[PDB]
Structure formats: C-alpha cells, structure tokens
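A quick write-up on the structure given underneath.
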Amino acid sequence: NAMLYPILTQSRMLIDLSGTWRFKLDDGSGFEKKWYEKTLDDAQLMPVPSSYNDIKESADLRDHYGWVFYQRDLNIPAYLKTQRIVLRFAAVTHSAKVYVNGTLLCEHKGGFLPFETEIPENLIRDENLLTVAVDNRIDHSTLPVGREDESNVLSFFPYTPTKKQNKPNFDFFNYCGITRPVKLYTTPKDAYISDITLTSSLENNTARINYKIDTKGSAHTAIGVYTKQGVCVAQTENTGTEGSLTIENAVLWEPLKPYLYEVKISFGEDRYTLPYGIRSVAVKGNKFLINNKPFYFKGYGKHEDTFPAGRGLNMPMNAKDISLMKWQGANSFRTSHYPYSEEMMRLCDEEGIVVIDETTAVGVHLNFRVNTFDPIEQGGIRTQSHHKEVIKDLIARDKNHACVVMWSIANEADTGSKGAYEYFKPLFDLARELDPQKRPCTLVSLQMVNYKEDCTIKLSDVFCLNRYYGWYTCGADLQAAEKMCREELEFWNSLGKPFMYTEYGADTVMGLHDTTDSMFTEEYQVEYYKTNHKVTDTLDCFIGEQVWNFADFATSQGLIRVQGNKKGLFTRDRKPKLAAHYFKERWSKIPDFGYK
Amino acid sequence: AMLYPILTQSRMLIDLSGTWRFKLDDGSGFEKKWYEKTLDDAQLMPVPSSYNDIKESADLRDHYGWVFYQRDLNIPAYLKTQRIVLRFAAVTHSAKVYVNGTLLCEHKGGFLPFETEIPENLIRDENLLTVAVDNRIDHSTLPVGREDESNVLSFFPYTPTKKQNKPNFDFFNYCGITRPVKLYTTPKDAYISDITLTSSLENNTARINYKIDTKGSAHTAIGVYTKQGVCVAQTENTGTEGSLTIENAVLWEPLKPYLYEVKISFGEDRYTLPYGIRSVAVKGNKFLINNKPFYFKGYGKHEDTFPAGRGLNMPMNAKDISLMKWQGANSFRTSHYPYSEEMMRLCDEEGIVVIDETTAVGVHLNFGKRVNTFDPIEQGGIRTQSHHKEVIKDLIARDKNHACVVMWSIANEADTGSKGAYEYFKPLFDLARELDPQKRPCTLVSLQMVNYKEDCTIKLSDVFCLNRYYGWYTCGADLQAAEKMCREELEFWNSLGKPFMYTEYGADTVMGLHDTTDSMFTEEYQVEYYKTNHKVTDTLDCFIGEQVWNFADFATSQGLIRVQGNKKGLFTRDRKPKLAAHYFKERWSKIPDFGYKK
Ligand SMILES: O=C(O)c1cn(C2CC2)c2cc(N3C=CN([C@@H]4O[C@H](C(=O)O)[C@@H](O)[C@H](O)[C@H]4O)CC3)c(F)cc2c1=O
Ligand SMILES: O=C(O)c1cn(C2CC2)c2cc(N3C=CN([C@@H]4O[C@H](C(=O)O)[C@@H](O)[C@H](O)[C@H]4O)CC3)c(F)cc2c1=O
C-alpha cells in the first residue's frame, strides 16, 4: 500500500527502464501460447512511457480491444542482488500482468496509480526478459466505467460494428499502455523505510511537523528538517516511530508562494528525503480556509493529454502548463478524472499550485430499467469494492502533498438516484479515516433536474458543481441561461456551505468567429463565461471557478465531438483562444484570498 | 460635373449591370474591330465586378493589356424624345466605349465616373454596347506602375514568362467594369447638370448657399425638406446662384447623421439631393467638426471582397459600416482611390466621417543613371501631374456636397522628402483649395522616411497624416525599441503645434496564429504592437486621430512578404474579428468622438 516516490539516495539505486520497448497486439492466443516466455516475435517498437493508441497511423491499433504485450531486456549487475530489488510501475492503464523471465510477478487493476513488486533474487538470471501485458477493457466493474451494450455516450440509424470496441461511459478517449515510467530501485535488504507520514500543527503561534515513520526490520531512526538553502532547523536522533518537531521561523506554503522544507529520514543505512510544505486547510462556515485565510479557487479541470503520447507523462508540457496557469492568473486545478503522475503532483508542490485530487470514479451512472445503485445481483454497478481500493491507494500516494487541499470521490456519479447515499457513505467515511490531515471531501455533481436530491448535500464538505448553462441547455440563449443559472445557484447559496464550479464551458473551435452569439465561436465562449459570472459574482458562498477545460483533448468519435472535446481555453498545442485572454484579465483582478 | 444618377419625375434610370460577354484581347481585337460585331468565342463576366478572380485561370487573373466587354442594348424608342446618357460609374483603368461600332468616348482613370450621350441617329432597333478596358499601369498612370519588371515587395534574378503589370503599390491590380453601368435620361432642352451647396451657421440658423448649373433656358426652383417631409426653405426663379436659411437646423454629426432633402427643379427637370449641414475647420492643433474637437477613430480601408475584387458590393458595404459602429469607429480613409458613390452616400446616411483620397499612390521612383521622382519629364521623372490635376478636379466635382467628407488626401506615400516634391504638389494643393466650395482641409499621406523633417507635407498640409510602422517594418519584435523610436519622431511632429494623426499603423496578423510571448504574425503581437504605439500617441496633445492599417485583410501582388495578400486587417477578408479587433472595440468604447484632447 505505502508508495513512497522513488528517488536516488545514498542507500537507494534508481534505474529508469523507460525507452523503446517491443510491443505486440494480442490476437486472443497471447496467453495460451505463453508469449511472455520468449522474445516477442513479429513485434513493433513502442515508446515507454506513452499511451500506445496514437503513436502509429493504424486505426486497428488505436481502437484495439483487449490485451497488448510490452517487453524489454533487463540485464543488471549482479551486485544489485546484495540489495532489495524493486520494480515500480508508476501507471499501467488499465490492468497489468508483469512477468520476469517466465514468471508472473504481479497483477494490478486500476490504470492511474502505482504498483510495485520485489524481484526475488533466485529469479534473476544473467540475462532477463521483462514482459508487461496490458488490458484496455472497461465495463461495469472498472473505474473508469465502460458501457456493456453497443451504446455510445455521445446512432440515428442502427448499425452493427465491424469489430468489438470499448464503449467509454465518460467523455475522454480510452488511452492505454504503459502510461508512466517503469523504474527499478533498491533499498537495504534488512532495514528500510516503507512509508513516511507528515502533518502540520500551527496552534499557539508554534509551527510543528508531526511525523510517523513506517519501517521494516530493526534499526535506529532519525529525522532532520532543512531549509531550501540547507540549514538544519530541527533534528533528532534515535527517535521513536512517531514524534513532533518545532520549526522556528516557519515559512508557510501558500498558493502561488510555495515553500518546501526538505525532511530527511534515516533508518539503519536507509536514507530518504521528502519535500514538505507546511500549511493548514479547513472548511468553516462558507469559507475554504488555507492557512486561516478565505481562499477563492481560480483555475480548471484538466486532462493528462498531449500529442502524440496521449495520457503519457510529458514533463516539458507539465512545466509549460504550469507556466500558462501562472500567466493566466490561475491558482488551482482538479485532476479530472483520475490521479495524475507524481511528477505533476511534485511540481505543483514546488510551484504553489493548489490541487483538487480526484479518484478514477467517472461513469458511475447507468442511466445517463436498472438503476445505477440497484443491488449487484439485479444489475447495479459493480464498482464499490474497487472504489475503496482506489481511495486507499490515492490517499496513501498523495497524503503528504501540501498542494492537495481536497479529495474528490467521484465525477458525475448518479447521485440524485436511490441508493447513491448508501454507495457513497462508506467511501467518504474511508477518505476521512485515512487522510492524516483530514482534508475536506467532495464529489463532483452532475447537472440534474432534481438537484435538490443530490446526495452531495448529505456527504460533502464543499459542493462542487458541473454546470453548462448556455451550452447543454439554453444554447445560444444566454439571457435564458442567466435566469436558469441564478434560480439553481440561489438554492445552493442558501445552504450556507462553500460551493463552486468544477466545470463550466462551451465547445470552441479556434478560428471560428461571429460578432453575434453563435455556438462554437470564440466570442460565444467569452459571452458564455460573462453570463455565468454575472450570477456567481453575486453569491457569497460561491468560493471558486474552475472552467471546463484547461485545453482541448481527445475523446471517442461522435456527431457532437469536433475532433475531440473543444471546451479548452487553450488548444491541444496550448495556444490561447479569445476566452483565455478574457480569463487572464478577469483572474488578474480577483485575489487568491479575500475575494468574497 | 457628375450628379449621381437617380430615378425622378423627369429622369429614367435603367441599370445595365448583369451578365455581359467578355473576351481577352489577343493583340488583334482593335485591328479586327471586335466592337463592330457580336463578340465571338467569348466568356461571360458579371458586371459590375473586377474580372480577375471570377474564374480559375492565372492567365485571366494576370492578363496584361485590353479586354472587351459587350452586351445588347435594345431600348424603347419612346426614350428618343429624351436626352439619353450612358453613365459608367468606374472602369479600371482606361476605357473605350462603342455603340454599334462607333467610338463614343474614352476615359483615363479607373475610379471616377464618366458619361456620354448616345446620339439619337446612332440608335437602331437592336444595338451593341462594347466597352474596351485597359489594365496597364506605368509612370503616367494613377496608380503608378513600374517600368522595370521588378517587384515593389527576388533573391536570384529570373526572366518572367509573360509581361505583367508591376504595381508600385501594395494592393492587387483589380480591373474590369468595377461599378455599375447605367442608362439614364433627362429632358432635351433644359436640364440640371450640377449642384453646389455650402452652409454657414448663424446661431441656430443655417444659411445654405447654392449654385445650380444648368443647360438651356428655364426657371430654377429649390426647396429644402426635412427627413419627415416638411418644407423648411423654398425660393423660386433664383437663377444660378443664391441662398436660403433653415430655422433651428438639425446639424449632421458623426454617428448622429441628419440629411435634409434638397429638391431642385429646372424647367421640366427634377433632381433631389440629400444634404447634411455641418462645419469643418482646422484651428490650432484642433480638427473642429461643428466647432468641437474631433478625435478620429477608424481605418484605412480598401474596396476589396471575394470574388468581385474591387467591384461594388452593396451588402458588404452595409456590413462594414455595421462593423465599424460595433467597434466604435467614427471614420475611415478611402485608401487609395475614390470609393463608389454608393458607399459615400451610405456614409452620409450613417454618420461615418471620410477622408477622401485621390488615386495618387506610387508617385515615387526610388521606393542607366539614377533618376529623381520629380525630375523633368524629359529627364525621366514621373509623368503624372497633368492626370493628377484631372483626378483632383473630378473627385471634388463628384464628392463636394458630401457632409461625410471632411478632408482631401492629395496622394499616398509619394516621394515627398526629395527635391522637387514641393514644386509638384503646390499646384495640386492650390487646385484642391480653389475648387472645393467648402474649403475643407487638405493633406498628403506621408511615407515613413529617415529625413522626415524634410517632408514637404510640412509646407502644404493642414493636417499631418503619417503612415508609420514602429514595431513592424522597423523594430520588429522589439516593442521597447519601437516605443522609444516612435516617441522620438512623434514628439517632433507634436512640437509643430498643428493637428497630426496616424492614417496607417499595423502588423500583419494571420488569424489562428498565437503565442503568449511576442512573435510577429500572431494575434497577440498585433494587440501588443498597438498598445505600444498608443503608449506614445495618448501622451501627445496634437495627435488628433488614429486610423489603423487596415480594416480587413485584402489582396495584393505575390511576394515573399505577402502571406496570400496583406494581413494587417483587424478583420479577415470575410470580416471576422481578430483579437486586435476586440482590443479596439474596448479601446474606442472608452474614447469620445469629441473632447478626448481638449
Ligand atoms: O448530444 C447531446 O445532447 C449531449 C451529449 N453529452 C455527452 C458528452 C457527450 C451530454 C453530456 C452531459 N454530461 C456529460 C459530461 N459532463 C462533463 O462534461 C464535459 C463535456 O461534456 O464537455 C465532459 O468532458 C466532462 O468530463 C464531464 O464531467 C457534463 C454533463 C450532459 F449533461 C448533456 C449532454 C448532451 O446533451
Ligand atoms: O528575401 C529574399 O528574397 C530571400 C530570403 N532568404 C532567407 C533565409 C530565408 C533567402 C535565403 C537563401 N538561402 C536559401 C536556402 N537556405 C536553406 O533553406 C531553408 C529555407 O529558407 O526555408 C532554411 O530553413 C535551411 O536551413 C537552409 O539550408 C536558407 C537561405 C537564399 F538562397 C535566398 C534567399 C532570398 O532570396
């Protein structure tokens, strides 16, 4: 469960296994014929990390259904065997089977969170083959959810598909493969650090770090806290597993003004250094408080999506995206609709970007007659069990990030229907139990005629609304959109708790224009946002605006998707639309703290 | 004299526009007298329109020389009792007009109207109307063409396949029957040939001085009616000159037009002229319209739309005016040639101020011995002055009564910083001032030059109109440098104490190109370019106007710096707003038409 980010330390090797791997589509016989026991024959080459769907020009590759096999050679020095040898997969989408030589080492379900496995030393021969089989199939038991009929979420006349294909119950393309880096790392065999938990206490004008260090084996523990320049500001040797350290002259991590201490931990020979921002988060009344100050979210729902790697880790684009958000005056984004790479989370900690951290739970809705949360034995959704593992794993991975201020339990589940509360109650209970910082929890609310029956009202600390007044309703009638927006949002405002837009927007094709309200035009995108803001700016409990979307991104094919989703403020190659300049202006006049 | 043809109780108006026959000259069309017979093995061509872009043929688009238009003209014999006139609103560049193989008139100059009577003895039961149209330009035409086969915009020399017009200007050489051809009639014996109005405000009373030019003997009557139809002045049997007064006259104002109806009668002849009452005066560093300090907000335009080229496009005229009101503009310049009468009449009706410009662009021979632009014709200098005088005469004759016209532009980017320039232009300025009854300000539009203090506009113009490209043709992608060099020069102009303005400034911008970091040709750079210029101009009290280059992308000759034409529009060629169009809507919404710099 514990998943420390792998780093090069005095006690820990870090070997990146990324590069060109061999790649072979499964044809139904791949496991029967035990392809993982030899070199892949008649194979292609595929970059790792990357989604595989867009690297070639093959529609059958892009739209492949089922398994693929990745493989590479792994010839490592024998003196590594004096250490504990670990294979870390930061993400394999959606499910993986990992083989070393002929031998199945592990299997994983869930395409967006890391997993790892020791390599037993009796298995390492002189030359080794690493094989990773990757399953892309989605159904009523996976997160994200796939449809199990021939229905498309986006048809006039019915037809029989040529081949079976995944049918996403979500509005983004089903990019799969070895999405994020594969690495080999080592620790001391006999005594090593397995996890680190840090929390902050700011009471009585005294900043303290509380630590809890999880180990394997028997040794002595030490912890030191260091400034960015390397001055030790607190340290203790031969400590317990738990304790606290006072940080005199503590500098707080603040949105757009990050400060990270370096927390170095020793256990026997093992050494691990964890960056850590000191800050508090709390919901009080109708305010979202960061370091006891009333925060206003300004930003976006995002996607991990770039050409040609798809969902694949793209670190230059990560840095470019954060630079664009600072240029635009944003302070935050949400990990729509899955955990993002640790490289992104760590960069956000470094750059002072606030993150709403979301699970993989999109598509938990069977009625976009069996109801979504009917009993499984009557056709209800089969995701609750995996939904708990995802929450456990997500919090275990990201718990120490200062940038994470809120957990989002699901995106647009069927939360107005019968049984939703009972499905979601244990998941909220679990997230509150597991997060040592006890951060606020929410689910992101689907737009819905019976919004007063949204079970978010009974569960969430912040109400997060996805609303499309002026796009999916009142299209090209913004005066009607304004009225419909005000009627519903005055209800939410009357509940006295913080609420916010986590999505709102309008599909906009760069280069289409009209001085007169016309859907898909750059001007309409601006007018859409002006209309919504006319309402939200008058509501004192509305504490944040995150647009849909930061940038255009790939989706499944359909009559309402113009080469993907076009609601980005930026294009897929990160060029500003008219509305992106509109937001730079607007967000320049709105402070991070004390707007409402 | 050139009154706008209208339908009246005494005047037929028959539009001959439509599909005409069309044939390229192969070098034998005059020798074989194609105008004597139905054109043979011909195409069809819409009239009015430029003919260059109607088909798909480079040889058509880039034709050098003559073409022949032709249609049948079968007119009712009843009209033989009337005087019958063929009016050509514009034929670009030069024309020879034949009826039934008899040459009736020729005309030089592609953007001003001309007419001829059809002799009654020439009219048969069936008639042919043939118009031969010359597209060639050289050192004697306005606009000026180069005579050296070089491009005004090559890295390695080459021999051209065919001889082509080489413009000495930055816009495509669209030719053809650009504006409507109409047949109209008047009485034979006595008819009105011209009308001249001037006005003077005495408290709230306007005095309208009139001169009515006529042919024949009869009695002249003039009447002035409100829009709603109430007579508010009338005098009978007044002869040629005279005056009359309007009590509590509604004045014509920018963006708040008011037009009276002036009804003239002479014998049987009847003509109605719309007329707005307003004053124009330069006083100090002020441009006074109705005695208030005006600030120009607008553009240099072109008459340019797809596929008609330069051709009259009346829906797009209304669209463009509607866009300027959307953007908050109040004015434009007719760069670089007189526009259609239909645009000018619409500007009067909509309240848009116009700087009316002659065709004189390219008067610059230094843009086996080197030559000076204004050397003697014998010594190789430019040969345009005599035609230049005729263009000034005809332009003012056509447009003198427009309330919207507030300033005459004698030339665009001529060689005004070289020797002889003053001697070329002084008679033209004197000519313009002599012939305009309203005595409106005169300017020449000044090319960017290193020796700008030597520009002869300083000796001649009432307003200094500058074309400057700080941040585009100089200091490109160095907008800090642009701001410093802009300030250094404009402070000089500001120190002269007379009104000055930008008549051009801009940056080629391809819709859909973007960058957050300053990069030429991107939409963001266009905005930053303009912001940098306004940092300077907004601090200079004599700077009384900003007209961008250009309203909309337009066609030009081909070259390595022309990205399918000129891309400096705030709007695309199909009138879609770039980022900078929205920037100017914001900027002009916060700048008043009057009293910005008071
Ligand atoms: O053809 C139509 O008529 C409609 C089609 N679709 C589906 C997308 C094809 C609708 C979807 C609705 N929901 C689906 C996604 N929710 C968020 O919206 C973003 C977006 O759609 O841009 C997604 O990208 C985000 O991931 C997701 O969170 C919005 C609400 C809806 F309310 C109405 C319609 C239609 O009316
Ligand atoms: O304004 C003009 O008239 C000319 C302008 N330039 C400018 C440099 C563009 C010329 C350049 C010449 N070189 C020609 C080929 N070089 C190759 O060509 C590519 C390209 O230019 O696309 C570059 O990208 C490659 O790196 C380089 O190997 C570049 C330069 C030239 F011969 C004439 C001109 C002009 O005549």
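In the structure tokens, the first chain shown is A, the next is B, and so on; residue numbers restart at 1 for each chain, and ligands run from 1 in the order shown.
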Return as an NGL selection string every polymer residue, whether protein, DNA or RNA, with at least one atom no more than 6 Å from an atom of ligand 1; count only C-alpha atoms and all ligand atoms.
:A and (153-154 or 171 or 447 or 472 or 560)
Go ahead and save the picked residues with N, CA and C atoms, as a PDB file, in the first residue's frame.
ATOM      1  N   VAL A 153     -21.758   7.082 -25.556  1.00  0.00           N
ATOM      2  CA  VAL A 153     -22.165   8.123 -24.569  1.00  0.00           C
ATOM      3  C   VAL A 153     -22.510   9.405 -25.335  1.00  0.00           C
ATOM      4  N   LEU A 154     -21.763   9.713 -26.397  1.00  0.00           N
ATOM      5  CA  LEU A 154     -22.019  10.913 -27.237  1.00  0.00           C
ATOM      6  C   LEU A 154     -23.365  10.762 -27.954  1.00  0.00           C
ATOM      7  N   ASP A 171     -16.376  11.083 -21.101  1.00  0.00           N
ATOM      8  CA  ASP A 171     -16.083  11.937 -22.254  1.00  0.00           C
ATOM      9  C   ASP A 171     -14.587  12.150 -22.437  1.00  0.00           C
ATOM     10  N   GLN A 447     -24.994  17.758 -13.535  1.00  0.00           N
ATOM     11  CA  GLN A 447     -26.170  18.588 -13.752  1.00  0.00           C
ATOM     12  C   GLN A 447     -27.397  17.698 -13.917  1.00  0.00           C
ATOM     13  N   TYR A 472     -25.157  22.926 -22.857  1.00  0.00           N
ATOM     14  CA  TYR A 472     -26.056  21.768 -22.966  1.00  0.00           C
ATOM     15  C   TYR A 472     -27.500  22.116 -22.675  1.00  0.00           C
ATOM     16  N   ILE A 560     -21.189  14.960 -31.935  1.00  0.00           N
ATOM     17  CA  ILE A 560     -21.062  16.201 -31.174  1.00  0.00           C
ATOM     18  C   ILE A 560     -19.640  16.435 -30.698  1.00  0.00           C
TER      19      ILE A 560
END
Backbone DSSP call of strand (DSSP E) for region 152-194 of chain B, listed as a ChimeraX atom specification:
/B:181-186,191-194
For chain A, the nearest of the candidates B:415, B:455, B:426, B:326, counting only C-alpha atoms:
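Going through B:415, B:455, B:426, B:326 one by one, the smallest distance to chain A is for B:326.
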Shell of 7 Å around region 219-236 of chain B, only C-alpha atoms, local chain residues under 3 positions omitted, as an mmCIF file with N, CA and C atoms, in the first residue's frame:
data_model
loop_
_atom_site.group_PDB
_atom_site.id
_atom_site.type_symbol
_atom_site.label_atom_id
_atom_site.label_comp_id
_atom_site.auth_asym_id
_atom_site.auth_seq_id
_atom_site.Cartn_x
_atom_site.Cartn_y
_atom_site.Cartn_z
ATOM 1 N N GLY B 239 -32.380 81.584 -60.492
ATOM 2 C CA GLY B 239 -31.202 81.560 -61.369
ATOM 3 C C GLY B 239 -30.126 80.621 -60.869
ATOM 4 N N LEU B 244 -30.538 80.595 -48.939
ATOM 5 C CA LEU B 244 -31.760 80.405 -48.175
ATOM 6 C C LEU B 244 -31.343 79.926 -46.791
ATOM 7 N N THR B 245 -32.283 79.959 -45.850
ATOM 8 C CA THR B 245 -31.945 79.682 -44.462
ATOM 9 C C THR B 245 -32.900 78.659 -43.870
ATOM 10 N N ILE B 246 -32.372 77.877 -42.928
ATOM 11 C CA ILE B 246 -33.140 76.903 -42.163
ATOM 12 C C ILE B 246 -33.179 77.387 -40.721
ATOM 13 N N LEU B 259 -29.857 64.257 -42.624
ATOM 14 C CA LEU B 259 -29.810 64.684 -44.018
ATOM 15 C C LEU B 259 -31.107 65.386 -44.381
ATOM 16 N N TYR B 260 -30.995 66.614 -44.883
ATOM 17 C CA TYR B 260 -32.163 67.221 -45.499
ATOM 18 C C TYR B 260 -32.310 66.714 -46.933
ATOM 19 N N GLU B 261 -33.521 66.841 -47.467
ATOM 20 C CA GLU B 261 -33.785 66.572 -48.873
ATOM 21 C C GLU B 261 -33.842 67.910 -49.600
ATOM 22 N N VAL B 262 -32.929 68.115 -50.538
ATOM 23 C CA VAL B 262 -32.890 69.325 -51.353
ATOM 24 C C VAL B 262 -33.471 68.980 -52.716
ATOM 25 N N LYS B 263 -34.643 69.527 -53.017
ATOM 26 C CA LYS B 263 -35.332 69.254 -54.269
ATOM 27 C C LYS B 263 -35.115 70.442 -55.202
ATOM 28 N N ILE B 264 -34.547 70.172 -56.376
ATOM 29 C CA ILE B 264 -34.280 71.192 -57.382
ATOM 30 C C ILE B 264 -35.143 70.925 -58.607
ATOM 31 N N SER B 265 -35.621 71.995 -59.213
ATOM 32 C CA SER B 265 -36.396 71.872 -60.431
ATOM 33 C C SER B 265 -35.916 72.944 -61.390
ATOM 34 N N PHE B 266 -35.826 72.578 -62.659
ATOM 35 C CA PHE B 266 -35.351 73.492 -63.693
ATOM 36 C C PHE B 266 -36.129 73.143 -64.955
ATOM 37 N N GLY B 267 -37.134 73.950 -65.268
ATOM 38 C CA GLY B 267 -37.992 73.616 -66.391
ATOM 39 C C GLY B 267 -38.758 72.352 -66.065
#
May I have the residues within 10 Å of ligand 2, computed using only C-alpha atoms and all ligand atoms, as a list in words?
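For ligand 2, the residues inside 10 Å are residues 153, 154, 155, 156, 157, 559, 560 and 561 of chain B.
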Let's have the selection written as a compact mmCIF listing (two decimals), in the first residue's frame, with N, CA and C atoms.
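Okay, out.txt is ready:
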# COMPACT_ATOMS: atom_id res chain seq x y z
N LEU B 153 7.50 44.59 -53.69
CA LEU B 153 7.75 43.78 -52.49
C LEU B 153 9.22 43.36 -52.43
N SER B 154 13.73 39.95 -55.80
CA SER B 154 13.89 38.50 -55.74
C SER B 154 15.34 38.15 -55.38
N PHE B 155 15.53 37.02 -54.69
CA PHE B 155 16.86 36.68 -54.18
C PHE B 155 17.82 36.26 -55.31
N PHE B 156 17.32 35.59 -56.36
CA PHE B 156 18.08 35.29 -57.59
C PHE B 156 17.27 35.74 -58.80
N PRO B 157 17.88 36.49 -59.73
CA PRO B 157 17.12 37.03 -60.86
C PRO B 157 16.54 35.96 -61.75
N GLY B 559 4.41 37.81 -53.38
CA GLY B 559 5.75 38.11 -52.92
C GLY B 559 6.02 37.40 -51.61
N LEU B 560 7.31 37.35 -51.26
CA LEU B 560 7.75 36.61 -50.09
C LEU B 560 7.29 37.22 -48.77
N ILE B 561 6.87 38.49 -48.76
CA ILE B 561 6.38 39.13 -47.55
C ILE B 561 4.87 39.27 -47.53
So that I can check the surroundings of region 37-43 of chain A, please list as JSON, numbers by chain every protein, DNA and RNA residue that reaches within 8 Å of it, counting only C-alpha atoms and ignoring chain neighbours fewer than 2 positions away.
{"A": [22, 23, 24, 34, 35, 45, 71, 101, 102, 129]}
For chain A, list the residues within 6 Å of chain B, counting only C-alpha atoms, and write the list as a list in words.
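Listing them in order of chain and number gives residues 511, 513 and 575 of chain A.
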Could you save those same residues with N, CA and C atoms as a PDB file, in the first residue's frame?
ATOM      1  N   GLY A 511     -10.463  29.849 -34.366  1.00  0.00           N
ATOM      2  CA  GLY A 511     -10.594  30.401 -35.698  1.00  0.00           C
ATOM      3  C   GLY A 511     -12.014  30.600 -36.186  1.00  0.00           C
ATOM      4  N   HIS A 513     -15.448  32.601 -35.714  1.00  0.00           N
ATOM      5  CA  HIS A 513     -15.807  33.880 -35.113  1.00  0.00           C
ATOM      6  C   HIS A 513     -17.169  34.341 -35.609  1.00  0.00           C
ATOM      7  N   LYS A 575      -2.341  26.890 -27.354  1.00  0.00           N
ATOM      8  CA  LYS A 575      -2.464  28.262 -27.838  1.00  0.00           C
ATOM      9  C   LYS A 575      -3.734  28.900 -27.292  1.00  0.00           C
TER      10      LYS A 575
END
Give me the residues near residue 483 (chain B) as JSON, numbers by chain, where near means some atom within 10 Å (using only C-alpha atoms) and where sequence neighbours in that chain fewer than 4 positions away do not count.
{"B": [470, 471, 475, 478, 479, 487, 488, 529, 531, 532, 533, 534, 535, 536]}
Save the residues we just selected, C-alpha atoms, as an mmCIF file, in the first residue's frame?
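Dumped everything to part_21.cif:
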data_model
loop_
_atom_site.group_PDB
_atom_site.id
_atom_site.type_symbol
_atom_site.label_atom_id
_atom_site.label_comp_id
_atom_site.auth_asym_id
_atom_site.auth_seq_id
_atom_site.Cartn_x
_atom_site.Cartn_y
_atom_site.Cartn_z
ATOM 1 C CA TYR B 470 7.178 51.177 -35.458
ATOM 2 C CA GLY B 471 7.269 47.516 -34.400
ATOM 3 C CA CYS B 475 11.912 47.347 -34.562
ATOM 4 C CA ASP B 478 11.412 44.740 -30.292
ATOM 5 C CA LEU B 479 8.451 46.731 -28.997
ATOM 6 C CA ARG B 487 8.368 58.810 -29.297
ATOM 7 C CA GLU B 488 11.494 60.438 -30.740
ATOM 8 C CA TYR B 529 2.007 46.401 -31.320
ATOM 9 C CA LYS B 531 -0.712 49.035 -27.169
ATOM 10 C CA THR B 532 2.912 50.159 -27.583
ATOM 11 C CA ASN B 533 2.003 52.815 -30.148
ATOM 12 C CA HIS B 534 -0.872 54.116 -28.021
ATOM 13 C CA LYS B 535 1.504 54.491 -25.039
ATOM 14 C CA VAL B 536 3.129 57.277 -27.071
#
For residue 435 (chain B), list every protein, DNA or RNA residue within 12 Å, evaluated using only C-alpha atoms, and leave out those in the same chain fewer than 2 positions away; present the list as a list in words.
residues 196, 389, 390, 392, 393, 394, 395, 396, 397, 398, 399, 400, 408, 428, 429, 430, 431, 432, 433, 437, 438, 439, 440 and 442 of chain B
Can you pull out every residue within 8 Å of residue 404 (chain A), counting only C-alpha atoms, but drop anything in the same chain fewer than 3 positions away, and send it as a PyMOL selection string?
chain A and resi 354-357+398-399+401+407
When DSSP is applied to the backbone of this structure, which of region 293-505 of chain A are assigned helix (DSSP H, G or I)? Write them out as JSON, numbers by chain.
{"A": [315, 316, 317, 318, 319, 320, 321, 322, 323, 324, 325, 326, 327, 328, 342, 343, 344, 345, 346, 347, 348, 349, 350, 351, 376, 377, 378, 384, 385, 386, 387, 388, 389, 390, 391, 392, 393, 394, 395, 396, 397, 398, 420, 421, 422, 423, 424, 425, 426, 427, 428, 429, 430, 431, 432, 433, 434, 451, 452, 453, 456, 457, 458, 459, 478, 479, 480, 481, 482, 483, 484, 485, 486, 487, 488, 489, 490, 491, 492, 493, 494]}
To one decimal place in Å, what is the distance between CA of residue 423 (chain B) and CA of residue 169 (chain B)?
22.8 Å
Atom pair CA of residue 75 (chain A) / CA of residue 269 (chain A): separation (Å)
26.2 Å
Could you check how far CA of residue 53 (chain B) sits from CA of residue 364 (chain B), in Å to one decimal?
28.4 Å
